[PDB]
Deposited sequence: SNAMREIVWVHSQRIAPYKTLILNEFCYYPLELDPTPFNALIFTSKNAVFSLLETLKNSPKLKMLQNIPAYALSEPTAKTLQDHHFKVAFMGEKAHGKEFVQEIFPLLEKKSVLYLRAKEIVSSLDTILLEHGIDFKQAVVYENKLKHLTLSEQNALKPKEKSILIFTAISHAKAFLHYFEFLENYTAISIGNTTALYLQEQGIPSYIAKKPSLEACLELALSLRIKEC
């Protein structure tokens, strides 16, 4: 029976998981006074604010400014951590028209929401509050993390595929699984085939992995 390995940001017990990246947090230096809307694309920008600004009056201010999110999970994370979540309807770009928006963002270019905002004529500023960065692993750490031969490897984002290939040979006998086509097409650019989950969820990745074990 083939071993199933997650290459992802969080441990999925009891499955072997390779966590090869780490988040680095940067304090928000900007005065948020000019802004009446915040926008987030990742929960990691929320966690960054919570940590670098814990108990600060700056955090209270930020928790008081109506916050918009692009996905439900990010909205729930904001909601769960005492931010003021804006009314988003029973398509958020219209709600942002005539607003001064602060985008709390990753250092790396992923969705380039900045271009999308600029294209919609939204008055916005961006502040980098986190970076998803490759771990510096010791030799010993690497040997412990090397998958067994014939492993099925689940890649949940490009950053994870990239980090894996930085450290480990992709053996012909491994089978790659991609959460969605952006991951899969990155792997294919690297010469690596993979099967893609039927929906881009962790649950669908495991169904696929188990069908192959």
{"item": "Regions of the deposited sequence not represented in the model", "value": "1 to 3, 94 to 102, 226 to 229"}
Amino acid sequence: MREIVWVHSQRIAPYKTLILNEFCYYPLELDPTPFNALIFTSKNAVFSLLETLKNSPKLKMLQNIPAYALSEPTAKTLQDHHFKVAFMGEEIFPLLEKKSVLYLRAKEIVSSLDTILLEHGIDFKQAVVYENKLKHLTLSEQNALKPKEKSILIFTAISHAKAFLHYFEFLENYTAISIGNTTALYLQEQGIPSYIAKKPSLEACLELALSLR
From here on, numbers count along this sequence of modelled residues.
property	result
60 to 68 set against 141 to 149, stretch whose average Cα temperature factor tops the other in the entry	141 to 149
Between 122 to 130 and 109 to 117 (mean CA B-factor, as deposited), the higher	109 to 117
Deposited CA B-factor, highest of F40, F155, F164, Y26	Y26
CA B-factor placement of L187, once the chain's modelled residues are sorted into thirds	lowest
Chain-wide C-alpha B factor ranking for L212, given as lowest, middle or highest third	highest
Chain-wide C-alpha B factor ranking for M88, given as lowest, middle or highest third	highest
Chain thirds of CA B-factor: placement of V7	lowest
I177, C-alpha B-factor rank within chain (lowest, middle or highest third)	lowest
